[PDB]
$ cat start09.cif   # mmCIF, C-alpha atoms and all ligand atoms
data_input
loop_
_atom_site.label_atom_id
_atom_site.label_comp_id
_atom_site.auth_asym_id
_atom_site.auth_seq_id
_atom_site.Cartn_x
_atom_site.Cartn_y
_atom_site.Cartn_z
CA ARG B 24 12.31 0.59 16.89
CA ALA B 25 10.00 2.15 14.31
CA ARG B 26 9.38 0.43 11.01
CA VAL B 27 9.85 1.68 7.46
CA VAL B 28 7.90 -0.83 5.37
CA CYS B 29 8.65 -0.84 1.67
CA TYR B 30 6.43 -2.64 -0.82
CA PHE B 31 8.35 -3.70 -3.95
CA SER B 32 6.32 -4.44 -7.16
CA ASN B 33 7.73 -7.34 -9.22
CA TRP B 34 6.16 -5.93 -12.38
CA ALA B 35 7.98 -2.57 -12.27
CA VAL B 36 10.91 -4.19 -14.11
CA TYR B 37 8.79 -4.08 -17.29
CA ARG B 38 8.33 -0.31 -17.28
CA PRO B 39 10.09 1.26 -20.22
CA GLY B 40 13.19 3.42 -20.19
CA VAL B 41 13.95 5.20 -16.95
CA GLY B 42 10.85 3.63 -15.36
CA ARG B 43 12.50 0.17 -15.23
CA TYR B 44 12.93 -0.80 -11.60
CA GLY B 45 14.32 -4.15 -10.47
CA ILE B 46 15.63 -5.81 -7.32
CA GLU B 47 18.91 -4.11 -7.76
CA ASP B 48 17.24 -0.69 -7.56
CA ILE B 49 15.84 -1.18 -4.06
CA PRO B 50 17.55 1.20 -1.59
CA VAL B 51 17.64 -1.50 1.04
CA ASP B 52 19.13 0.48 3.89
CA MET B 53 16.29 3.01 3.76
CA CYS B 54 13.77 0.30 4.81
CA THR B 55 13.42 -1.96 7.81
CA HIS B 56 10.97 -4.42 6.16
CA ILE B 57 10.70 -4.96 2.40
CA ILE B 58 7.81 -6.91 0.87
CA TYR B 59 7.95 -8.63 -2.53
CA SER B 60 4.55 -8.10 -4.20
CA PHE B 61 2.66 -10.27 -5.25
CA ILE B 62 2.08 -13.99 -5.15
CA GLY B 63 -1.49 -15.29 -5.43
CA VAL B 64 -3.68 -18.29 -4.67
CA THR B 65 -4.77 -20.89 -7.19
CA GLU B 66 -8.50 -21.11 -7.91
CA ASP B 67 -8.74 -24.89 -7.87
CA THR B 68 -6.24 -26.22 -5.34
CA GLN B 69 -5.77 -23.32 -2.90
CA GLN B 70 -2.00 -23.39 -3.34
CA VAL B 71 0.42 -20.50 -3.67
CA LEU B 72 0.24 -19.13 -7.24
CA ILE B 73 3.51 -17.75 -8.61
CA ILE B 74 2.22 -14.97 -10.84
CA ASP B 75 5.37 -14.32 -13.03
CA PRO B 76 7.34 -17.52 -12.81
CA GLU B 77 9.78 -16.53 -15.54
CA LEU B 78 10.87 -13.57 -13.44
CA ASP B 79 10.21 -14.79 -9.90
CA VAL B 80 11.67 -18.27 -10.30
CA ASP B 81 13.52 -18.74 -13.64
CA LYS B 82 15.44 -15.42 -13.30
CA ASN B 83 15.64 -15.90 -9.56
CA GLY B 84 13.61 -12.85 -8.62
CA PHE B 85 12.44 -14.16 -5.21
CA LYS B 86 15.91 -15.42 -4.24
CA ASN B 87 17.77 -12.36 -5.42
CA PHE B 88 15.42 -10.37 -3.27
CA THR B 89 15.79 -12.48 -0.14
CA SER B 90 19.55 -12.84 -0.61
CA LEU B 91 19.73 -9.10 -0.19
CA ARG B 92 19.93 -9.99 3.56
CA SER B 93 23.53 -11.14 3.04
CA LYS B 94 24.71 -7.56 2.77
CA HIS B 95 21.83 -6.08 4.74
CA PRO B 96 21.25 -8.42 7.65
CA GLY B 97 19.08 -6.24 9.89
CA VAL B 98 16.32 -5.93 7.25
CA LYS B 99 13.40 -8.41 6.93
CA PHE B 100 12.35 -9.62 3.48
CA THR B 101 8.84 -10.99 3.22
CA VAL B 102 6.31 -11.74 0.43
CA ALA B 103 2.77 -10.35 -0.04
CA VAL B 104 -0.14 -12.55 -1.23
CA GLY B 105 -3.14 -10.96 -2.91
CA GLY B 106 -3.21 -7.37 -4.19
CA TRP B 107 -5.82 -5.73 -6.40
CA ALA B 108 -5.19 -7.62 -9.66
CA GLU B 109 -5.62 -10.97 -7.91
CA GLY B 110 -9.25 -10.21 -7.06
CA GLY B 111 -11.02 -11.30 -3.90
CA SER B 112 -13.12 -14.26 -5.01
CA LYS B 113 -10.29 -16.84 -4.86
CA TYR B 114 -9.54 -15.81 -1.29
CA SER B 115 -13.17 -16.01 -0.13
CA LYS B 116 -13.22 -19.46 -1.72
CA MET B 117 -9.99 -20.50 -0.05
CA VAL B 118 -11.07 -19.50 3.46
CA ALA B 119 -14.55 -21.04 3.18
CA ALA B 120 -13.53 -24.35 4.84
CA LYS B 121 -10.89 -25.62 7.25
CA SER B 122 -9.62 -28.11 4.66
CA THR B 123 -9.01 -25.43 1.98
CA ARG B 124 -7.37 -23.09 4.48
CA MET B 125 -5.07 -25.86 5.63
CA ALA B 126 -4.10 -26.63 2.04
CA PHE B 127 -3.15 -22.97 1.57
CA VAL B 128 -1.27 -22.79 4.89
CA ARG B 129 0.83 -25.80 4.02
CA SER B 130 1.54 -24.37 0.57
CA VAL B 131 2.63 -21.03 2.12
CA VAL B 132 4.98 -22.71 4.59
CA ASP B 133 6.64 -24.75 1.77
CA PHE B 134 6.99 -21.59 -0.32
CA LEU B 135 8.50 -19.42 2.45
CA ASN B 136 11.02 -22.14 3.09
CA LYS B 137 11.83 -22.71 -0.60
CA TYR B 138 12.65 -19.04 -1.26
CA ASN B 139 14.05 -18.04 2.17
CA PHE B 140 11.47 -15.45 3.04
CA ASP B 141 11.09 -14.03 6.60
CA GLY B 142 7.31 -14.25 6.58
CA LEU B 143 4.07 -13.30 4.82
CA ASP B 144 2.04 -10.17 4.32
CA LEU B 145 -1.71 -10.76 3.67
CA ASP B 146 -3.19 -8.44 1.07
CA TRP B 147 -6.62 -9.91 0.32
CA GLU B 148 -8.69 -6.98 -0.98
CA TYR B 149 -11.02 -7.53 0.82
CA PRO B 150 -12.79 -10.06 3.07
CA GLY B 151 -16.52 -9.37 3.15
CA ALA B 152 -16.43 -7.07 0.09
CA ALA B 153 -19.38 -7.78 -2.18
CA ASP B 154 -17.69 -5.80 -4.96
CA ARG B 155 -14.69 -8.14 -4.71
CA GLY B 156 -16.30 -11.58 -4.61
CA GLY B 157 -16.69 -11.67 -0.84
CA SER B 158 -19.52 -12.48 1.51
CA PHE B 159 -20.50 -12.23 5.15
CA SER B 160 -18.72 -15.32 6.52
CA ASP B 161 -15.40 -14.00 5.30
CA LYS B 162 -15.02 -11.93 8.46
CA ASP B 163 -14.87 -14.93 10.78
CA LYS B 164 -13.05 -17.13 8.28
CA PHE B 165 -10.30 -14.60 7.54
CA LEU B 166 -9.60 -14.45 11.25
CA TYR B 167 -9.44 -18.23 11.28
CA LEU B 168 -6.91 -18.15 8.41
CA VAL B 169 -4.79 -15.66 10.32
CA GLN B 170 -4.89 -17.73 13.48
CA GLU B 171 -3.98 -20.87 11.54
CA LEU B 172 -1.11 -19.21 9.72
CA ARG B 173 0.32 -17.89 12.94
CA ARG B 174 0.15 -21.35 14.48
CA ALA B 175 1.91 -22.84 11.49
CA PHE B 176 4.54 -20.18 11.63
CA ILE B 177 5.13 -20.94 15.31
CA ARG B 178 5.47 -24.62 14.51
CA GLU B 179 8.07 -23.92 11.92
CA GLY B 180 10.19 -22.26 14.60
CA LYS B 181 11.93 -19.75 12.37
CA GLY B 182 10.33 -16.63 13.90
CA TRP B 183 8.52 -15.66 10.71
CA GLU B 184 6.38 -12.58 10.76
CA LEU B 185 2.76 -12.40 9.66
CA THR B 186 1.42 -8.98 8.71
CA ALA B 187 -1.56 -7.63 6.76
CA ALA B 188 -2.41 -4.67 4.57
CA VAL B 189 -5.81 -3.27 5.57
CA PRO B 190 -8.28 -0.58 4.48
CA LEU B 191 -9.48 2.27 6.61
CA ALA B 192 -13.09 2.83 5.69
CA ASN B 193 -15.44 1.85 8.47
CA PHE B 194 -17.71 -0.18 6.20
CA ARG B 195 -14.76 -2.28 5.08
CA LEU B 196 -13.74 -2.74 8.72
CA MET B 197 -17.23 -3.88 9.73
CA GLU B 198 -17.49 -6.26 6.80
CA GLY B 199 -14.09 -7.88 6.91
CA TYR B 200 -11.95 -7.31 10.01
CA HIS B 201 -12.21 -8.57 13.62
CA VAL B 202 -9.82 -5.84 14.71
CA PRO B 203 -8.69 -6.81 18.22
CA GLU B 204 -8.26 -10.50 17.37
CA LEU B 205 -6.40 -9.71 14.16
CA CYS B 206 -4.12 -7.10 15.77
CA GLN B 207 -3.22 -9.68 18.39
CA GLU B 208 -2.10 -12.28 15.83
CA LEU B 209 -0.22 -9.99 13.47
CA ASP B 210 3.23 -8.36 13.90
CA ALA B 211 2.15 -5.19 12.10
CA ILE B 212 -0.94 -3.76 10.46
CA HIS B 213 -0.03 -1.89 7.23
CA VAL B 214 -2.79 0.65 6.84
CA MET B 215 -3.63 1.56 3.22
CA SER B 216 -4.16 5.22 4.04
CA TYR B 217 -4.45 6.14 0.35
CA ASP B 218 -6.91 5.67 -2.50
CA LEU B 219 -9.32 7.45 -0.14
CA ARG B 220 -10.63 9.43 -3.17
CA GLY B 221 -10.35 8.74 -6.91
CA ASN B 222 -12.25 8.58 -10.18
CA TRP B 223 -14.70 6.03 -8.73
CA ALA B 224 -16.00 8.74 -6.36
CA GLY B 225 -17.08 11.04 -9.17
CA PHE B 226 -15.24 14.19 -8.15
CA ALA B 227 -11.59 15.41 -8.10
CA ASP B 228 -9.84 15.32 -4.75
CA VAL B 229 -6.51 14.34 -3.14
CA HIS B 230 -6.40 10.68 -2.19
CA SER B 231 -4.48 10.71 1.08
CA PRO B 232 -5.85 13.72 3.00
CA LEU B 233 -4.53 13.83 6.57
CA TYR B 234 -7.48 15.66 8.11
CA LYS B 235 -11.13 16.35 7.26
CA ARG B 236 -12.02 19.12 4.80
CA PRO B 237 -15.28 21.03 4.86
CA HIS B 238 -16.55 19.24 1.70
CA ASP B 239 -16.20 15.82 3.34
CA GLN B 240 -19.71 14.50 4.12
CA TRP B 241 -21.50 11.20 4.88
CA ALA B 242 -19.21 8.22 4.24
CA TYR B 243 -16.34 10.61 3.43
CA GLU B 244 -16.67 12.55 6.70
CA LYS B 245 -14.08 10.40 8.53
CA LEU B 246 -12.33 8.97 5.45
CA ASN B 247 -8.98 10.71 6.02
CA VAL B 248 -5.73 9.44 7.46
CA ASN B 249 -6.04 10.91 10.97
CA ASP B 250 -9.61 9.74 11.55
CA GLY B 251 -9.01 6.39 9.86
CA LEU B 252 -6.07 5.54 12.10
CA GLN B 253 -8.12 6.74 15.08
CA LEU B 254 -10.87 4.28 13.94
CA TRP B 255 -8.36 1.42 14.03
CA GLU B 256 -7.38 2.44 17.58
CA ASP B 257 -11.08 2.79 18.61
CA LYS B 258 -11.83 -0.70 17.33
CA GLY B 259 -9.05 -2.11 19.47
CA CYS B 260 -5.74 -2.12 17.63
CA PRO B 261 -2.74 -1.02 19.77
CA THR B 262 -0.93 2.08 18.56
CA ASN B 263 2.31 0.19 18.40
CA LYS B 264 0.99 -2.29 15.82
CA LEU B 265 -0.26 0.40 13.33
CA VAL B 266 2.00 1.36 10.37
CA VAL B 267 0.76 4.29 8.30
CA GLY B 268 0.83 3.95 4.51
CA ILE B 269 2.15 6.83 2.37
CA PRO B 270 1.47 6.70 -1.39
CA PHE B 271 4.36 7.38 -3.78
CA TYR B 272 1.78 7.99 -6.54
CA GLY B 273 -1.13 10.26 -7.44
CA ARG B 274 -4.77 9.64 -8.37
CA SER B 275 -5.65 11.64 -11.43
CA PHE B 276 -8.85 12.76 -13.15
CA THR B 277 -10.07 14.15 -16.45
CA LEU B 278 -12.23 17.16 -15.66
CA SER B 279 -15.68 17.49 -17.19
CA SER B 280 -16.02 19.29 -20.52
CA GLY B 281 -15.76 23.07 -20.17
CA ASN B 282 -15.06 22.86 -16.43
CA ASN B 283 -12.80 25.72 -15.30
CA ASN B 284 -13.13 25.14 -11.57
CA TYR B 285 -10.06 23.30 -10.32
CA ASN B 286 -10.95 23.28 -6.64
CA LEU B 287 -11.18 20.16 -4.48
CA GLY B 288 -14.51 18.45 -5.17
CA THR B 289 -14.87 19.71 -8.74
CA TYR B 290 -16.89 17.57 -11.20
CA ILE B 291 -15.11 15.16 -13.48
CA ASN B 292 -15.63 13.23 -16.64
CA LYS B 293 -16.07 9.96 -14.86
CA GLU B 294 -16.35 7.89 -18.03
CA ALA B 295 -12.81 8.86 -18.94
CA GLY B 296 -11.78 6.48 -16.11
CA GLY B 297 -9.31 8.99 -14.66
CA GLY B 298 -6.51 11.15 -15.95
CA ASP B 299 -4.75 10.07 -19.13
CA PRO B 300 -2.02 7.36 -18.65
CA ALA B 301 1.49 8.51 -17.96
CA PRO B 302 4.43 7.13 -20.00
CA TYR B 303 5.97 4.68 -17.55
CA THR B 304 3.06 3.29 -15.52
CA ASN B 305 0.59 3.44 -18.44
CA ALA B 306 -2.47 3.34 -16.20
CA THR B 307 -5.51 5.58 -16.45
CA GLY B 308 -6.10 7.51 -13.20
CA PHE B 309 -2.70 6.61 -11.67
CA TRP B 310 0.65 8.42 -11.91
CA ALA B 311 3.92 7.44 -10.16
CA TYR B 312 5.52 10.18 -8.06
CA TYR B 313 8.37 10.44 -10.63
CA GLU B 314 5.80 10.88 -13.39
CA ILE B 315 4.24 13.76 -11.48
CA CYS B 316 7.40 15.62 -10.44
CA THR B 317 8.90 15.44 -13.93
CA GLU B 318 5.84 17.25 -15.27
CA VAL B 319 4.88 19.62 -12.41
CA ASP B 320 8.22 20.71 -10.97
CA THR B 321 10.24 21.60 -14.08
CA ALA B 322 11.16 25.25 -14.46
CA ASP B 323 8.94 25.85 -17.49
CA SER B 324 6.09 23.66 -16.37
CA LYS B 325 2.61 24.77 -17.47
CA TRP B 326 1.03 22.85 -14.59
CA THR B 327 -0.45 24.82 -11.73
CA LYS B 328 0.28 23.42 -8.27
CA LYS B 329 -1.92 24.04 -5.26
CA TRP B 330 -2.15 22.94 -1.66
CA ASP B 331 -5.04 21.39 0.31
CA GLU B 332 -4.73 23.35 3.57
CA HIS B 333 -6.79 20.88 5.57
CA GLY B 334 -5.78 17.59 3.94
CA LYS B 335 -2.15 18.72 3.82
CA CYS B 336 -1.58 17.32 0.29
CA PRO B 337 -0.55 18.86 -3.02
CA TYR B 338 -2.58 18.78 -6.18
CA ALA B 339 -1.78 20.03 -9.67
CA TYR B 340 -3.65 20.59 -12.90
CA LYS B 341 -3.26 21.55 -16.54
CA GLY B 342 -6.00 21.61 -19.16
CA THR B 343 -8.48 18.88 -18.41
CA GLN B 344 -5.99 16.94 -16.24
CA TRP B 345 -5.92 17.05 -12.45
CA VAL B 346 -3.83 14.97 -9.99
CA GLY B 347 -3.70 14.75 -6.19
CA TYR B 348 -0.60 13.18 -4.58
CA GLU B 349 2.15 13.38 -1.90
CA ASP B 350 5.26 15.50 -2.17
CA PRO B 351 8.09 16.17 0.26
CA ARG B 352 6.09 18.79 2.18
CA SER B 353 3.11 16.49 2.73
CA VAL B 354 5.24 13.49 3.54
CA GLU B 355 7.20 15.52 6.15
CA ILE B 356 3.90 16.55 7.74
CA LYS B 357 2.75 12.94 7.92
CA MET B 358 6.05 11.70 9.42
CA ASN B 359 5.74 14.31 12.17
CA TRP B 360 2.16 13.29 12.77
CA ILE B 361 3.08 9.56 13.01
CA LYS B 362 5.57 10.44 15.73
CA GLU B 363 3.02 12.70 17.51
CA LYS B 364 0.50 9.81 17.58
CA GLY B 365 2.99 7.12 18.55
CA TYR B 366 2.35 4.72 15.68
CA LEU B 367 4.69 1.84 14.79
CA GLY B 368 6.01 3.49 11.64
CA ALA B 369 5.50 4.33 8.00
CA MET B 370 4.82 2.17 4.93
CA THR B 371 5.11 3.03 1.23
CA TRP B 372 3.13 1.86 -1.75
CA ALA B 373 5.56 1.46 -3.48
CA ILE B 374 9.35 1.95 -3.46
CA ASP B 375 9.51 1.49 -7.27
CA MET B 376 7.63 4.78 -7.76
CA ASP B 377 9.91 7.12 -5.73
CA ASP B 378 12.17 9.29 -7.91
CA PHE B 379 14.79 6.58 -7.74
CA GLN B 380 16.66 7.91 -10.84
CA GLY B 381 16.69 11.46 -9.50
CA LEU B 382 14.89 12.74 -12.60
CA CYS B 383 13.70 15.75 -10.56
CA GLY B 384 17.09 16.26 -8.96
CA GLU B 385 17.02 14.33 -5.74
CA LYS B 386 17.31 10.51 -5.86
CA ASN B 387 14.90 8.55 -3.63
CA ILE B 388 13.67 11.76 -2.04
CA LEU B 389 10.46 10.34 -0.48
CA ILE B 390 11.89 7.15 1.05
CA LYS B 391 14.77 9.22 2.42
CA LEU B 392 12.16 11.27 4.30
CA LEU B 393 10.55 8.14 5.76
CA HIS B 394 13.95 6.81 6.77
CA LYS B 395 15.20 10.11 8.26
CA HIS B 396 12.16 10.51 10.43
CA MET B 397 11.58 6.94 11.50
CA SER B 398 15.19 6.08 12.23
CA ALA B 399 15.37 8.86 14.86
CA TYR B 400 12.09 7.88 16.48
CA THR B 401 11.36 5.59 19.40
CA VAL B 402 7.87 4.04 19.38
CA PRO B 403 6.19 4.67 22.79
CA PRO B 404 4.28 2.03 24.78
CA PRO B 405 0.64 1.46 23.71
CA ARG B 406 -1.71 4.32 24.52
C1 LIG B 501 19.19 -11.86 -10.17
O1 LIG B 501 20.57 -11.63 -10.12
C2 LIG B 501 21.29 -12.17 -11.21
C3 LIG B 501 22.79 -12.00 -11.01
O2 LIG B 501 23.07 -10.65 -10.89
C4 LIG B 501 20.87 -11.41 -12.46
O3 LIG B 501 21.48 -11.91 -13.60
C5 LIG B 501 19.36 -11.56 -12.61
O4 LIG B 501 18.90 -10.84 -13.70
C6 LIG B 501 18.60 -11.13 -11.37
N1 LIG B 501 17.17 -11.37 -11.53
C7 LIG B 501 16.27 -10.51 -11.16
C8 LIG B 501 14.86 -10.89 -11.40
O5 LIG B 501 16.51 -9.47 -10.66
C1 LIG B 502 -0.82 0.45 -22.06
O1 LIG B 502 -1.72 -0.44 -21.51
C2 LIG B 502 -2.78 -0.55 -22.43
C3 LIG B 502 -4.00 -1.14 -21.76
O2 LIG B 502 -4.55 -0.06 -21.10
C4 LIG B 502 -2.30 -1.45 -23.52
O3 LIG B 502 -3.36 -1.68 -24.41
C5 LIG B 502 -1.21 -0.73 -24.24
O4 LIG B 502 -0.60 -1.63 -25.10
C6 LIG B 502 -0.18 -0.29 -23.22
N1 LIG B 502 0.83 0.46 -23.88
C7 LIG B 502 2.08 0.28 -23.56
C8 LIG B 502 3.01 1.11 -24.33
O5 LIG B 502 2.49 -0.44 -22.72
#

$ encode --input "start09.cif" --output "structure tokens" --more "lines below"
Ligand SMILES: *[C@@H]1O[C@H](CO)[C@@H](O)[C@H](O)[C@H]1NC(C)=O
Ligand SMILES: *[C@@H]1O[C@H](CO)[C@@H](O)[C@H](O)[C@H]1NC(C)=O
Amino acid sequence: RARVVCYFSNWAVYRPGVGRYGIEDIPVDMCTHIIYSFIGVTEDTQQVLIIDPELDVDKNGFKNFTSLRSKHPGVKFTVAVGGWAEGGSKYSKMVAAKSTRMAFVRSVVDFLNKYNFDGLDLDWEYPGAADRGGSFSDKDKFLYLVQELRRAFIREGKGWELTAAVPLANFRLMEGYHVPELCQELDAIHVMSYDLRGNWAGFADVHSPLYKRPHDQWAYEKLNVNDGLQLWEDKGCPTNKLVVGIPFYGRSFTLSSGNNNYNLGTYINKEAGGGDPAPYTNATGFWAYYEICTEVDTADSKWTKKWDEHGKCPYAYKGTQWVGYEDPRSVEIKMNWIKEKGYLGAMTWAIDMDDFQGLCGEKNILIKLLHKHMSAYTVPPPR
């Protein structure tokens, strides 16, 4: 009764060569809930914004995705609104008044009906975040949006789910999230237990450490997956609503000039913006799992791979380049820990970055680990 929640990126179809990943590449039976990412909100009218209408509507992307249920009927297919590229300001604007929230809610209900989705995942990054166009009143008004969406979903009578992707840093929680009230209205809380470190922090480190390391101090002291999920529990979310995110990508860095120390916490060249872009994702500071394994795991690789003994995550480096990520060892350790803690299940950002071509020898290796572990696991009653 555990969940395996798979985010699917609608832009991965534009990656070149073996990076191209479309609806037809989703390994549907490895997931229990699959989430088409992203739609947005319009700035002026507070309606659903279709972000790639040529793909999502003209080439039938949304409907090909939802019509996957014909052959896979036990899986739920929902849509996510928001995401990082959307920004936060349009969402703060949309929730600022009852009238604008109701315009959005109506728009969402029409959309979910039009494309036969099973519900909505909220991915506003983030209510209350000054760095993302937010402000103080977002905390109350996001809860109002959630309560209003749930009521609309009940009125529609189709049993749609409402879920949200959430951060784990305490300051983000305090600024944006009425935890007990939200966890009561939502079917699942998809915890973004990743991007916990990265170029923005000014030092090299793995980005999904499971436990605290000695170098973790002040706002990093509890910024790890174990303590972050414990914070969600402490603030009032039931264990059986929490789904733990697992990144199928690495955060990379360019090390500072003449720096020969490759340990966790080593200084970086922050102005570089991260490690150099990889060939398929073409994004500074961000490498898909398949981009990492094809470089690090080959027999004649010149990368050096190490292990964070406390964070339980791999990292690898070569030259000035350093990347922290998840591999099968670390993902196994996290699946066992989810079961130990009794959480609702596992989530992946994102299924389009697993080694779905088997470039490294084993097709869909990471999602197969999530599926193997979760499908044999019974979620216990709340703690
Ligand atoms: C949807 O499926 C049709 C029929 O197979 C295909 O031609 C089309 O390219 C698909 N569109 C997307 C976005 O996957
Ligand atoms: C990679 O993205 C950069 C922006 O960072 C863009 O300028 C460049 O054209 C892209 N290259 C490819 C091959 O997509």

$ residues_around --input "start09.cif" --residues "residue B:393" --least-positions-apart "4" --cutoff "9 Å" --atoms "all atoms listed in the file" --output "tab-separated table (two decimals) with C-alpha atoms, keeping the file's coordinate frame"
chain	number	residue	atom	x	y	z
B	27	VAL	CA	9.85	1.68	7.46
B	53	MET	CA	16.29	3.01	3.76
B	54	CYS	CA	13.77	0.30	4.81
B	354	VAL	CA	5.24	13.49	3.54
B	355	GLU	CA	7.20	15.52	6.15
B	358	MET	CA	6.05	11.70	9.42
B	368	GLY	CA	6.01	3.49	11.64
B	369	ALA	CA	5.50	4.33	8.00
B	370	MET	CA	4.82	2.17	4.93
B	371	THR	CA	5.11	3.03	1.23
B	389	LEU	CA	10.46	10.34	-0.48
B	397	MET	CA	11.58	6.94	11.50
B	398	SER	CA	15.19	6.08	12.23

$ residues_around --input "start09.cif" --residues "residue B:141" --least-positions-apart "4" --cutoff "8 Å" --atoms "only C-alpha atoms" --output "ChimeraX atom specification"
/B:99-101,135,182-184

$ closest_residue --input "start09.cif" --among "B:190, B:298, B:381, B:261" --to "residue B:316" --atoms "all atoms listed in the file"
B:381

$ atom_distance --input "start09.cif" --atom1 "atom CA of residue B:227" --atom2 "atom CA of residue B:319"
17.5 Å

$ closest_residue --input "start09.cif" --among "B:305, B:33, B:401, B:216" --to "ligand LIG 502 (chain B)" --atoms "only C-alpha atoms and all ligand atoms"
B:305
